[PDB]
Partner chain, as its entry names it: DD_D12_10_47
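Taking the form solved without the partner chain, here's one chain by itself in structure tokens.
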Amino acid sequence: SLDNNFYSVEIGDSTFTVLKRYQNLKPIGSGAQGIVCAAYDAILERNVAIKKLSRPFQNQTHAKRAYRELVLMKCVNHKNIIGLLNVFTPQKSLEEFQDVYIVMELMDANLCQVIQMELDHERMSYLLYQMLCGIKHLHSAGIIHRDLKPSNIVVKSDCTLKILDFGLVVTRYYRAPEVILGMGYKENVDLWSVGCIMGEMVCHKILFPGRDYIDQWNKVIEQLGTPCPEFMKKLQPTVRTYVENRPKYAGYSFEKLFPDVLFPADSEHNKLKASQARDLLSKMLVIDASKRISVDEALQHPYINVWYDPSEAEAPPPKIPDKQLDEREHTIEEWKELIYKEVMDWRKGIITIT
């Protein structure tokens, strides 16, 4: 059947081996962790995105990432998190296991492309509201992202927004000071990243585009200002010296960083205001996380709260199957077995004698 026969297609320098239900494959990314194709799903009669994770067990980092992705995509079912349509491997044993394919509903655009548009307050607010909903949903299951960025967020033609991944040529620009400086963190680490996306949406420029972490920290302090001694005292001694030795900067007020001229044209009497967006930016782009807003407070902010719906913002938490995502270490072979088991568990949840 279309659901049990495989065929192979060359996509650049890689072979995609997928169920025959998936037709007319066309590359749509990516780099670093694998390739993603658009396809027509002849059974569902609609378009899908198919990503190939090549040897996700190759090392601890790829492994723990692939595993988290499979488990979370499966147990989450939320408007603002990409859903899992199908998962499979073409290889027929643990010994032979190489590749995992994950199938998602195809979305029309990514957020990088949407950010480049001339947006209005209505759509900026709604996109931000949805990002905050997705983030809060993950946080309710104890999942803290740390690496939200526009290339990993997709958007439908009707503005529905979905986050594609679950957290941390790799893009460092959206990572919080906690991350840059190797500090402890809490949930509002993700709110820094939202601030960076929001800032970029407004000014059509990456806010902190460092070539590395040194350059990125420099751009943070040059624009927001050197943090206060109370923050400095929170740094572990090995990092505090570096931070305290940088040249000192006063930074710019948010009225200087984000003046009215950057906001939508002819929008002085909209329901939402540039001053509200600027106020929210000023509470998310706060170096000291203990002074930065929480997600809940962001959802209640005047720029965002227009859209507030408890079914989206107070949804029942995802149920992560018992102890499945604990802190434990595993060998590469152990990770390989865990990921194979997760792929095969998908079949076990579908097969029936009716």
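Positions refer to the first chain, counted from 1. Only the largest set of C-alpha atoms that superpose within 1.5 Å between the two forms is called the rigid core.
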(message) I'd like to know whether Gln33, which is modelled here, goes unmodelled in a third or more of the other compared entries that cover its flanking residues.
(response) yes
(message) Zero if continuous, otherwise a range: how many residues of the deposited sequence are missing coordinates between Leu168 and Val169 (none, 1 to 3, 4 to 9, 10 or more)?
(response) 10 or more
(request) Could you settle it for me: does 146 to 154 or 91 to 99 have the higher average Cα B factor in the PDB entry? (result) 91 to 99
(message) Which is higher on mean Cα B factor in this entry, 326 to 334 or 339 to 347?
(response) 326 to 334
(message) Looking at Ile35, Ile287, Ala298, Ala49, which one carries the largest C-alpha B-factor according to the PDB entry?
(response) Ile35
(request) Using the B-factors in the PDB entry, rank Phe57's C-alpha atom against the chain and give the third, lowest, middle or highest. (result) highest
(request) Looking at the entry's B-factor column for C-alpha atoms only, identify whether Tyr303 ranks in the lowest, middle or highest third of its chain. (result) lowest
(message) Split into thirds by Cα B-factor across the chain's modelled residues, where does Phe254 land: lowest, middle or highest?
(response) lowest
(message) Going by the CA temperature factor in the PDB record, which third of the chain does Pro227 belong to: lowest, middle or highest?
(response) middle
(request) Tell me, lowest, middle or highest third: where does the Cα B factor of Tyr213 rank within its chain? (result) middle
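The same protein also exists as the form deposited with the partner chain bound; that form is not shown, yet it is the one meant from here on.
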(request) Mark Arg146 yes when one of its heavy atoms lies within 4.5 Å of a heavy atom of the partner chain in the deposited complex, and no otherwise. (result) yes
(message) Check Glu244 for me: does it contact the partner chain in the deposited complex (non-hydrogen atoms, 4.5 angstroms)?
(response) yes
(message) Is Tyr252 part of the interface with the partner chain in the deposited complex - any heavy atom within 4.5 Å?
(response) no
(message) I'd like to know whether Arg292 contacts the partner chain in the deposited complex, with contact meaning heavy atoms within 4.5 angstroms.
(response) no
(request) Just one of 192 to 200, 210 to 218, 89 to 97, 252 to 260 has residues with a heavy atom within 4.5 Å of the partner chain in the deposited complex, so point it out. (result) 210 to 218
(request) Could you work out which of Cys228, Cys75, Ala141, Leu168 is the residue within 4.5 angstroms of the partner chain in the deposited complex, going by heavy atoms? (result) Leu168
(request) State the residue from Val179, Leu84, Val71, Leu106 whose non-hydrogen atoms include one within 4.5 Å of the partner chain in the deposited complex. (result) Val179
(request) Any residue of 59 to 79 with a heavy atom within 4.5 Å of the partner chain in the deposited complex counts; write them all down in order. (result) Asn59, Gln60, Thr61, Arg65
(message) Quick check on the comparison between the shown form and the other one: with the core aligned, only one of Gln276, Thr89, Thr226, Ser282 should show a Cα shift of at least 2 Å. Which one is it?
(response) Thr89
(request) Return yes or no for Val295: a CA shift of at least 2 Å between the shown form and the other one, with the rigid core superposed? (result) no
(message) Rigid core superposed, CA of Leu53 - does it shift 2 Å or more between the shown form and the other one?
(response) yes
(message) After superposing the rigid core, is the C-alpha displacement of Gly251 2 Å or more between the shown form and the other one?
(response) no
(request) Report the direction of the Cα distance change between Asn270 and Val261 in the deposited complex, compared with the displayed form, as closer or farther; the change is 3 Å or more. (result) closer
(request) Could you tell me whether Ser311 and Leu272 have their C-alpha atoms closer or farther apart in the deposited complex than in the shown form, knowing the shift is 3 angstroms or more? (result) farther
